[PDB]
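Protein chains in written order, with the UniProt record's numbering: chain G, 1 to 217; chain L, 2 to 218; chain V, 1 to 218; chain R, 1 to 218.
Reading through the structure tokens given below for one structure.
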Amino acid sequence: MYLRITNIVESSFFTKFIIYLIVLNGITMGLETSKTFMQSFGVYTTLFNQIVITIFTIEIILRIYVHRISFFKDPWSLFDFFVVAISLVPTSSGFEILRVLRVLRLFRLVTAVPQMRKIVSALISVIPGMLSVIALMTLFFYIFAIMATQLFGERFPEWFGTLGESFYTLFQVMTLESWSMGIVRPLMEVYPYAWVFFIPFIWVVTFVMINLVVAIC
Amino acid sequence: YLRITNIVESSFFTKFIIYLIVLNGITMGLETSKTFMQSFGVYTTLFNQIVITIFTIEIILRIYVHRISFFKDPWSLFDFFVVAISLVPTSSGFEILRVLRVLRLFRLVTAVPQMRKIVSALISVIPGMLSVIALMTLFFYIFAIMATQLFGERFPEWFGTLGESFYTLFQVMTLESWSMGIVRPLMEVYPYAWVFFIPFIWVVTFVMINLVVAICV
Amino acid sequence: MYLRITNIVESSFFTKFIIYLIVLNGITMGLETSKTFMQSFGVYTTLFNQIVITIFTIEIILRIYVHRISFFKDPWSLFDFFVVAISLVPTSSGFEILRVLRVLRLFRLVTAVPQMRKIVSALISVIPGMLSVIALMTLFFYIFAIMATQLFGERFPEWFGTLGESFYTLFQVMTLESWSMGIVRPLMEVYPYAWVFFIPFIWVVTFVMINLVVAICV
Amino acid sequence: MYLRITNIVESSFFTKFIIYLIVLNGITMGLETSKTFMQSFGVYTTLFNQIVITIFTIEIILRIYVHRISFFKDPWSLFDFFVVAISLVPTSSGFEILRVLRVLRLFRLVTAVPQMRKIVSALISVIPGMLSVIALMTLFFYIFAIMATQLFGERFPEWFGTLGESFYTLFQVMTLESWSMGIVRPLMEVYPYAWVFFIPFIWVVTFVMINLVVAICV
Ligand SMILES: CCCCCCCCCCCCCC(=O)OC[C@H](COP(=O)(O)OCC[N+](C)(C)C)OC(=O)CCCCCCCCCCCCC
Ligand SMILES: CCCCCCCCCCCCCC(=O)OC[C@H](COP(=O)(O)OCC[N+](C)(C)C)OC(=O)CCCCCCCCCCCCC
Numbered sequence: 001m002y003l004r005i006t007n008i009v010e011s012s013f014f015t016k017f018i019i020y021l022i023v024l025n026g027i028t029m030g031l032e033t034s035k036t037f038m039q040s041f042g043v044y045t046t047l048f049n050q051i052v053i054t055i056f057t058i059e060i061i062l063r064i065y066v067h068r069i070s071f072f073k074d075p076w077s078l079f080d081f082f083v084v085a086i087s088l089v090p091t092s093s094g095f096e097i098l099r100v101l102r103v104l105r106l107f108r109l110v111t112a113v114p115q116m117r118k119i120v121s122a123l124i125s126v127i128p129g130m131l132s133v134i135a136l137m138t139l140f141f142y143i144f145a146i147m148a149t150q151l152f153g154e155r156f157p158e159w160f161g162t163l164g165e166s167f168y169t170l171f172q173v174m175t176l177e178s179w180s181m182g183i184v185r186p187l188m189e190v191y192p193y194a195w196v197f198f199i200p201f202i203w204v205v206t207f208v209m210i211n212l213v214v215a216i217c
Numbered sequence: 002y003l004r005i006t007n008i009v010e011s012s013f014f015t016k017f018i019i020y021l022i023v024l025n026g027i028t029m030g031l032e033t034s035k036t037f038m039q040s041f042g043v044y045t046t047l048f049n050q051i052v053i054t055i056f057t058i059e060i061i062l063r064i065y066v067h068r069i070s071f072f073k074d075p076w077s078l079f080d081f082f083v084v085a086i087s088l089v090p091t092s093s094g095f096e097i098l099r100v101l102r103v104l105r106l107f108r109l110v111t112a113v114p115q116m117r118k119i120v121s122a123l124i125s126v127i128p129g130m131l132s133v134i135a136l137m138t139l140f141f142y143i144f145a146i147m148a149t150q151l152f153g154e155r156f157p158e159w160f161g162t163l164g165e166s167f168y169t170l171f172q173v174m175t176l177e178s179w180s181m182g183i184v185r186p187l188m189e190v191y192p193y194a195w196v197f198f199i200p201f202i203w204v205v206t207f208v209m210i211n212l213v214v215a216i217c218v
Numbered sequence: 001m002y003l004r005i006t007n008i009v010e011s012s013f014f015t016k017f018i019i020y021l022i023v024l025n026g027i028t029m030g031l032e033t034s035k036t037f038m039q040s041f042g043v044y045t046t047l048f049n050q051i052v053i054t055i056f057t058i059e060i061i062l063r064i065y066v067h068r069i070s071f072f073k074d075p076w077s078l079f080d081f082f083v084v085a086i087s088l089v090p091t092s093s094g095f096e097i098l099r100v101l102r103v104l105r106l107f108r109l110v111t112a113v114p115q116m117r118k119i120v121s122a123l124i125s126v127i128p129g130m131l132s133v134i135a136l137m138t139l140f141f142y143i144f145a146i147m148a149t150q151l152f153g154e155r156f157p158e159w160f161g162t163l164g165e166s167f168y169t170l171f172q173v174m175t176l177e178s179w180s181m182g183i184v185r186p187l188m189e190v191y192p193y194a195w196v197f198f199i200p201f202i203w204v205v206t207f208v209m210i211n212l213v214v215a216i217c218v
Numbered sequence: 001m002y003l004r005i006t007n008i009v010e011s012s013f014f015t016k017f018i019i020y021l022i023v024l025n026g027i028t029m030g031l032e033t034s035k036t037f038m039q040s041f042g043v044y045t046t047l048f049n050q051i052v053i054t055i056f057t058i059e060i061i062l063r064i065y066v067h068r069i070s071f072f073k074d075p076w077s078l079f080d081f082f083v084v085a086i087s088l089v090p091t092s093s094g095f096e097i098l099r100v101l102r103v104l105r106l107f108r109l110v111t112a113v114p115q116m117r118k119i120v121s122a123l124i125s126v127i128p129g130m131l132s133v134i135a136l137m138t139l140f141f142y143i144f145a146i147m148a149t150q151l152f153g154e155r156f157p158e159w160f161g162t163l164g165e166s167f168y169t170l171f172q173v174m175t176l177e178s179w180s181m182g183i184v185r186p187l188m189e190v191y192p193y194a195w196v197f198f199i200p201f202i203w204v205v206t207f208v209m210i211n212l213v214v215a216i217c218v
């Protein structure tokens, strides 16, 4: 019976049939947005949702027995399981994030399609040469998130009153979004030397980011 | 057949068309001034009717001379569509067409071969990005769904609609007011909103850098 | 008698002394910012300023006769000449812009110092391969500045009421600064399809900028 | 007994022991943030702080005599020394900034870890080929900070009323953050040709940044 199932799984019709349910339930998940649509075809949708998430469990089961241990060493296969299991976590009795993360079952399209795999693998190959840099940045953020908290968190609780709130504000300053008019110009109305903290932080952070972009080449 | 071919391929012919381009280009840019259009309104719309008439003749001649070679030249197809657009009556129809008359000034890139190379150099890059662009669009689509059914209830203006989420997420991609404008307000209601957007901005930026590196290398 | 002046001009003390006055009047121009300073040492500065423009008038004369036609064919010399001539325009009579552009005489440090010339020339060397691009962008902006004017200049005069006014706003959209919350989101409350105009405009403009960066890196 | 200290210092446990205390007081320094935490283990922390900074004094002492002058020629060692010396400055005497700069002793992890040194040295190595440009950038800012001050600092003191205020605003304009809606659009409502000042300033500043990136590329 194994060889019987093995032929169905690895057939091109099988893979194509899975892509069919993705693009369908992908559309099906995207019309659950419209409250108007949900009045007419609300029942049509949730069933097909349960239908598709059920079939993908079957498909992911066959891929196991066909590949055995080879299945649970394939990231694209493990992804599917978690991403199907998320969709399998009960519809109710819990935070709606799980019902939302059910839409992650639409990322399953990159698994079924090999052309996307090449795009994805090409990018992840860059991550190795960047952990040397990312780690340094995180220590830099952590050291300065400490300083900003015990510097400005007294008069500015919403931006720096908490080690975490300082982290959030500092990432925004990195992105440069309202760093001056939004945060530093007001900060300077109380601490006039605040620019000594943030201008070099922007200098340093930008220089490193540029090096990382150049590092990739 | 040979009679028209000499007129069409004469260098004055090419030069004469560029003259009307730079003329109607100026002429189209003076239709901006309400002052100018009160005195010389007739002189211009006639000159527009004059120019659109000559360009119809010009676009006719190049057809019979090249036959299928005309409708296989992208630079020629552009001219045809963009002149045909301008031919829809000035008042009959949505006034949008009267605006799209200004697209006939891009025909200068067609008429000039030096521009053709610059434009072709950039469009030639798009192929190596459709493999990537498509992935980006899928990423946007999955998150536009999540953001919609997460924040669209209390925030209809930004996420109440699958389309509105797309706009906001492209805005967040551009980093414009993403924090003080969008996420900070969301966090006043959903304190874990930063878990949604900080990794999103990471992914969006990471792919953009990879796209730049691909073009540079 | 001619060759006598030629030795002084190209002497290293001469070259160094001008830089001495550059960094001097450069500092002197930067204390004219302080209203406090200008009450006590106003004469000390404007005189030293008048002193500097006098010596720099002399120096720019000497370099001419020594170089003859080579002076008015050396951009760095023409620059000096124009930038000192600006400083030579009378202190009064005329727009104060000239008194401000007198501070351009501090750019004279880039001419006098040769190491900067290479740094500057390294940047200008990039300009040739980009005029092919800059020109297209200007045509791209001009076509869209027209549309924005005759699209939104009716209900939105301060952003698009004028072909020039449209140029400014569109340049802002290029920088992505407040393009959405500032311009497109308000426009959409009046013209709901405004995003069809500005979202791709950003795409093309950004795409071209990226290619330009890649072009320079190669 | 010169060789006696050298073996302990050069032991891998010695290097590892310092790295352990870095990551420890690093956590401890980040728990001094919570006002809640400081009520329970506040004393436990301030004691542990004095403990750690005392041990790091010992370590920085041993490495000296073992290395003699070689210690004060090692940047990574000088850093450790200076950054520990800060923590030795009295806890309450002087501005509380000193109590904050105690957290810089967590950058000593980049020193203590050799894998980081290569990354950091790789980045600092880029800075030399940029001082040719960085200096030019600084002069450009300096010349324009003066002009903006005596142009817009009169009606707009908060952004340009002071040579320093102009510098900050110009760096703000450089970062492009609210450069248009925040600074130039208000400026133009009073000085309508203010855009002639800032649009090319942005062009040059933006153009140089790419060249700086290209400098990093080449
Ligand atoms: C020397 C190198 C190794 C250092 C690694 C140590 C990482 C953690 C050290 C101490 C950080 C946690 C202590 C802390 O200040 O957290 C409490 C703050 C203050 O708020 P608090 O007054 O305590 O009220 C509770 C607020 N709540 C619910 C958000 C927790 O509330 C918060 O903000 C909680 C969030 C703190 C988590 C910080 C995560 C940064 C880790 C960076 C290290 C790299 C990780 C890859
Ligand atoms: C991405 C960086 C590109 C290259 C750097 C660009 C050139 C650097 C010039 C920008 C300097 C930062 C602007 C600034 O904050 O100037 C402030 C100080 C004096 O201000 P001050 O009046 O004392 O502060 C009170 C006024 N307030 C409250 C409104 C700020 O003004 C000064 O004290 C003069 C400081 C001159 C800066 C020295 C040049 C350092 C170049 C750093 C290179 C960065 C490497 C990527």
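A virtual CB, placed ideally from N, CA and C, is assigned to each residue, including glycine.
Asked: Evaluate the contact criterion for the stretch 48–67 of chain V versus the stretch 7–17 of chain V: three or more CB pairs, one atom per stretch, below 8 Å.; Found: yes
Asked: At a CB distance below 9 Å, what residues from the stretch 100–122 of chain R approach chain G? Give them in sequence order.; Found: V100, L101, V103, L104, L106, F107, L109, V110, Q115, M116, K118, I119, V120 and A122
Asked: Identify the contact partners of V23/R in chain V, using a Cβ-Cβ distance below 8 Å as the criterion.; Found: Neighbours of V23/R on chain V: none; closest Cβ ~39 Å, over 8 Å.
Asked: Identify whether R155/V lies in helix, strand or coil by the three-state DSSP scheme.; Found: coil
Asked: Does the beta-carbon of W195/V have 16 or more other beta-carbons within 10 angstroms, so that it is buried, or is it exposed?; Found: buried
Asked: Report the three-state DSSP secondary structure of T169/V (helix, strand or coil).; Found: helix
Asked: Here's a check: name, in chain order, each residue in its chain whose Cβ is nearer than 6 Å to the Cβ of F198/L, leaving out the five neighbours to either side.; Found: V184
Asked: Quick one: residues with CB closer than 6 Å to any heavy atom of ligand 2, in chain order, please.; Found: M188/G, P192/G, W195/G, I199/G, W203/G, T206/G, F207/G, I134/R, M137/R, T138/R, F141/R, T162/R, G164/R, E165/R, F167/R, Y168/R and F171/R
Asked: When you compare the CB positions of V213/R and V84/G, do they come within less than 9 Å of one another, or not?; Found: no
Asked: Among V208/G, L24/G, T149/G and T33/G, which one has its Cα closest to the Cα of residue 1/L?; Found: Shown here, chain L extends from 2 to 218; a query on residue 1/L therefore has no answer.
Asked: Run the proximity test for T36/R: is its beta-carbon closer than 8 Å to any non-hydrogen atom belonging to ligand 1?; Found: yes
Asked: If distances are taken between C-alpha atoms only, which option among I55/L, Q172/L, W179/L and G94/L comes closest to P200/V?; Found: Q172/L
Asked: Does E177/L have its Cβ less than 9 Å from a Cβ in chain G?; Found: yes
Asked: In chain G, what lies closer than 7 Å to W159/L by C-beta?; Found: What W159/L touches in chain G: nothing, since even the nearest Cβ is about 14 Å away.
Asked: Ordered along the chain, which non-local residues of its own chain (more than five positions away) have a Cβ less than 6 Å from that of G26/L?; Found: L106
Asked: Along chain G, which residues have their Cβ under 8 Å away from the Cβ of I216/R?; Found: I210, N211 and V214
Asked: With the cut-off set at 9 Å, would you say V110/G and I146/L are in Cβ contact?; Found: no
Asked: Note down, in chain order, every chain G residue with its Cβ under 9 Å from the Cβ of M181/L.; Found: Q172, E177, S178, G182 and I183
Asked: Note down, in chain order, every chain R residue with its Cβ under 8 Å from the Cβ of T149/G.; Found: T33
Asked: Is the beta carbon of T149/V closer than 9 Å to that of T138/V?; Found: no
Asked: How about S11/G: is its C-beta nearer than 9 Å to some C-beta of chain R?; Found: no
Asked: Please state the DSSP three-state secondary structure of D74/L.; Found: coil
Asked: When every heavy atom of ligand 1 is checked, does at least one fall within less than 8 Å of the C-beta of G42/R?; Found: no
Asked: Are there three or more Cβ pairs, one per stretch, closer than 8 Å when the stretch 123–138 of chain G is compared with the stretch 34–44 of chain G?; Found: no
Asked: With a threshold of 9 Å between beta-carbons, can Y168/V be considered close to chain R, or not?; Found: yes
Asked: Any idea if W203/G is buried or exposed, counting beta-carbon neighbours within 10 angstroms, 16 or more meaning buried?; Found: exposed
Asked: Comparing the CB of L31/R with every heavy atom of ligand 1, is any distance shorter than 8 Å?; Found: yes
Asked: If you draw a straight line from the C-alpha of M130/L to the C-alpha of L176/G, how long is it?; Found: 27 Å
Asked: Go ahead and pull the three-state DSSP assignment for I127/R.; Found: coil
Asked: Do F72/G and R108/G have their C-beta atoms closer together than 9 Å?; Found: no
Asked: Leaving out five residues on either side along the sequence, give the residues of the same chain with a beta carbon under 6 Å from the beta carbon of residue 259/R.; Found: Any answer about residue 259/R is impossible in this case: the structure gives chain R only from 1 up to 218.
Asked: Of all the alpha helix (DSSP H) runs that stay within the bounds of the stretch 76–115 of chain V, which reach a length of 4 or more residues?; Found: 97–101 and 108–112
Asked: Does the beta carbon of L187/L come closer than 9 Å to any beta carbon on chain G?; Found: no
Asked: Under the three-state reduction of DSSP, which class applies to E10/L: helix, strand or coil?; Found: coil
Asked: Our contact map puts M188/G next to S178/R with C-beta atoms below 8 Å; I'd like the distance itself, whole angstroms only.; Found: That pair is no contact at about 15 Å.
Asked: Grab the span of the alpha helix (DSSP H) containing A215/L for me, first residue to last.; Found: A194 to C217
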